[PDB]
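Have a look below at one chain only, the form deposited in one PDB entry, in structure tokens format.
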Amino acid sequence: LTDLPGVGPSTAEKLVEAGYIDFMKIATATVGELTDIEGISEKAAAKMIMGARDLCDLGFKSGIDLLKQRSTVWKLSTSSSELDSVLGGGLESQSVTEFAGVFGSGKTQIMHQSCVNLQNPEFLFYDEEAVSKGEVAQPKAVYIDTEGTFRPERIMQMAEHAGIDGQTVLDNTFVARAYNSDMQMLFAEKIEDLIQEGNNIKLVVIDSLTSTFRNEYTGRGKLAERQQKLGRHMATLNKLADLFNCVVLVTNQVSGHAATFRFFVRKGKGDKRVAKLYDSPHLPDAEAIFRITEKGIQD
């Protein structure tokens, strides 16, 4: 941090204690966040912010450079061929992908399957020129379970049928049981801590994304607070995905809020499942057929 203009050793101490360790967090911070540090004037606060942006080259970019920012995005396979296709490759890092679906459509399964697939290096697709091996080395997942449906047995089973060691998935997946929107939100904000603690968090799951909010703001009279709170939560999730280049997945029970990718899943005949991609920034709407068996998502 002393590389940053207007940052002495004393200021560095305060900054690291206030949670500002890397340059990006400072570069993307507001003078408010920093001034509230105490002992930090807005003069020095704005100076280090300007500095951090430069050290990270956060200015205008054109020509080929526009292609290079987009190449930092890696994708996670869903184990379903048709799904990965409709996804333009697989689940994207630096974005929030939502799987909305009717009761029992498989929302949770997809979340579990994803934590498992994260441990199979062959399932992470990326441009080895823009994303080094080290950046996706020892990947870990964070699972914020709002429903109480996280099943370690299901992780083991999905893993075994894939050849991956189940226990290895469990060792590299953090699970946080949230009982309300406050915990759900706080757990999300605390993911930054797991990273500064050395954990290469590359997958974040929120199952469910909307359960707590609906249950707490039922009275449609204070639906304003709800949208604001959830929106603040989505902002946190997106920033988290961008800065730490990881894939964020969320589920939503449906029979408005932000989400960069939106799927609606429904049950087909028996094993069959139909996921409809109905919103994304660069892809056409489309359907994907697959199934859920003892092996997880397949076909």
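Rigid core here is just the name for the largest C-alpha set that superposes within 1.5 Å across the two forms. Residues that one form lacks are left out of the comparison. One rule holds for the numbers: they count along the sequence shown, beginning at 1.
There is another form of the same protein, the form deposited in another entry; it is not shown, and what comes next is about it.
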Check your understanding: Which residue, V274, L67, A235, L243, is displaced 2 Å or more at the Cα between the shown form and the other one after superposing the core?
Key -> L67
Revision key, fill the gap. The CA atoms of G63 and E129 move 3 Å or more in the other form, ending up farther
Revision key, fill the gap. Under comparison with the form shown, the C-alpha atoms of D242 and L66 in the other form shift by 3 angstroms or more, placing them closer
Check your understanding: Which segments, of 3 or more consecutive residues, undergo C-alpha shifts of no less than 2 angstroms between the shown form and the other one following superposition on the core?
Key -> 57-69, 256-258
